[PDB]
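In what follows, a structure is listed as structure tokens, so that the remarks can point back to it.
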Ligand SMILES: O[C@H]1CCCC[C@H]1Nc1ncnc2[nH]ccc12
């Protein structure tokens, strides 16, 4: 039993809700919140800009030190950093950005990072400003993640569409 509330169950291990991931993180304090990161951990907009803003820029300060030490992530890769005031940990995961021409097949590799964590609160990778089809992203999530994932979808309209079209 966990503290996530109001989610629709899609499969044995995947759950979905119309929610603001920032507000959901603030209320649940999950062990892991997933950030929709880029390789530079520059949290300027989308989910990343919102999460970072909610940490009063502490996420960005920590991220800049991480990059200065380790260099950029790989597309499809991830790193674990602090969850600050939102979660114990933040798993920064880089899905391919279609608006940068990155290969969509890397979306499966991106979701594989979730399997290293038993339970996660997450957005749909490569959705939103990353330019992928959120319905495809949901399908890859369901077919790749085996651990328990609670997906927060900010837009009520997209949420209804994802549910109504789910196979
Ligand atoms: O609405 C879409 C657009 C981008 C792809 C995923 C969704 N973004 C979010 N999802 C969950 N919480 C969020 N807080 C701010 C944005 C956000």
| How many percent of the alpha carbon pairs in the stretch 1-104 exceed a separation of 17 Å? | 55 percent
| Sorted by average packing, counted as other Cβ atoms within 10 angstrom per residue and highest first, what order do 141-148, 90-97, 17-24 take? | 90-97, 17-24, 141-148
| request: Rank 30, 72, 134 by mean-square fluctuation in a GNM of the chain with C-alpha springs under 10 angstrom and give only the top-ranked residue. | output: 72
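How would you rank 124-130, 32-38, 150-156, highest first, on the average number of other Cβ atoms within 10 Å across their residues? Don't skip to the end; give the middle numbers.
Working: 124-130: 24.6, 32-38: 26.9, 150-156: 20.6.
By packing density, highest mean first, the sequence is 32-38, 124-130, 150-156.
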| query | Relative contact order of the chain: what whole-number percent is it, with Cα pairs under 8 angstrom and at least 6 residues apart? | reply | 29 percent
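Here, each number is a calculation from the coordinates, and none is a lab measurement. Positions of Cβ are generated from backbone atoms using ideal geometry, with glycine treated the same way; all protein chains shown enter the neighbour counts.
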